[PDB]
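Chemist:
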Amino acid sequence: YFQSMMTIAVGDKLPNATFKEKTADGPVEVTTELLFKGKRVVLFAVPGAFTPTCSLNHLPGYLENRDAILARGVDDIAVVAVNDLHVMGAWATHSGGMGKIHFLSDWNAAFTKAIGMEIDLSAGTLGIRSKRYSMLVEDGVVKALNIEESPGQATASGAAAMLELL
Numbered sequence: 009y010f011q012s013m014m015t016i017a018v019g020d021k022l023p024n025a026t027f028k029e030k031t032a033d034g035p036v037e038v039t040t041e042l043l044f045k046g047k048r049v050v051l052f053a054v055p056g057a058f059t060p061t062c063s064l065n066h067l068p069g070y071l072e073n074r075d076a077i078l079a080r081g082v083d084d085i086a087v088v089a090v091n092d093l094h095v096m097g098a099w100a101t102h103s104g105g106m107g108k109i110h111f112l113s114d115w116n117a118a119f120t121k122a123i124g125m126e127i128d129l130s131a132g133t134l135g136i137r138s139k140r141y142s143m144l145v146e147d148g149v150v151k152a153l154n155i156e157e158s159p160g161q162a163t164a165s166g167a168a169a170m171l172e173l174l
């Protein structure tokens, strides 16, 4: 039932998008151009801020492995979620990730939908969200892509697995 006409893959360019983000300096708007162009970026997506797999497992892994990741030729790290910007900002602060990593709000799932990564987690009270995935993006181009078949899993898309790819 979901649109699979386009499903992002290795080799594809990311569509243009804008993300809102609460930084310590204030609320800002991040474009895909600004984020990705001329850069090697690790992007991971989570079903939901403050949800257990996302908060206890997926994100802490990237925060624990941040320095090791950046030291392997990566300019930036971002997490994206279909959450509003205030929840994203609160999650940045409470996870201890504020200022270490981008926290990108894809509130209406515009980006997520565009790349064909929607998932229905209605039963868990989440509604329409992003699949869990990680990707290595080089000047806006997908070079490595790890999509979880199950949102309760975070290994293939985890920081430890990403480090092995770099």
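Residues 9 to 174, numbered by the numbering used here, are exactly what the sequence shown covers, in order. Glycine included, each C-beta is placed from N, C-alpha and C at the ideal position.
From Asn154 to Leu64, what distance separates their C-alpha atoms?
Modeler: The residue given as residue 154 occupies position 146 in the sequence shown. The residue given as residue 64 occupies position 56 in the sequence shown. Rounded to whole angstroms, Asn154 to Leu64 spans 19 Å at the Cα level.
Chemist: Given a threshold of 16 other Cβ atoms within 10 Å of its Cβ, counted over all protein chains shown, does residue 8 qualify as buried or as exposed?
Modeler: Nothing can be reported for residue 8: it is not among the residues displayed for the chain, which extend from 9 to 174.
Chemist: Would you kindly check if the distance between the Cβ of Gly148 and the Cβ of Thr40 is under 9 Å?
Modeler: Working through the sequence shown from its first residue, we reach residue 40 at position 32. Working through the sequence shown from its first residue, we reach residue 148 at position 140. Yes.
Chemist: Got a sec? Which residues, its chain only, sit under 8 Å from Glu37 by beta carbon, not counting five neighbours each side?
Modeler: Start at 1 with the first residue of the sequence shown, and residue 37 comes out as number 29. Excluding sequence neighbours, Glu37 sits near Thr26, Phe27, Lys28 and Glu29.
Chemist: Do you know offhand how far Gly160's Cα is from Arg74's?
Modeler: Here residue 160 is taken as the residue at index 152 of the sequence shown, counted from 1. Here residue 74 is taken as the residue at index 66 of the sequence shown, counted from 1. Approximately 22 Å between the Cα atoms of the pair.
Chemist: Quick check on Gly81: does DSSP put it in helix, strand or coil?
Modeler: The residue you call residue 81 lines up with position 73 of the sequence shown. Looking at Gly81 - three-state DSSP - the assignment turns out to be coil, as it is neither helix nor strand.
Chemist: Based on DSSP bridge pairs, tell me the residues matched to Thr31.
Modeler: Position 23 of the sequence shown, counted from the first residue, corresponds to residue 31. Bridge partners of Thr31: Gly34.
Chemist: How big is the Cα-Cα spacing for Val90 and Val18?
Modeler: Stepping through the sequence shown from its first residue, residue 90 is reached at position 82. Stepping through the sequence shown from its first residue, residue 18 is reached at position 10. Those two C-alpha atoms are separated by around 22 Å.
Chemist: My guess is that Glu72 and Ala164 are in contact by the Cβ rule of under 8 Å, so how many angstroms apart are they, rounded?
Modeler: Within the sequence shown, residue 72 is the residue found at index 64, counting from 1. Within the sequence shown, residue 164 is the residue found at index 156, counting from 1. That belief does not hold up - the Cβ atoms of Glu72 and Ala164 are roughly 17 Å apart, past 8 Å.
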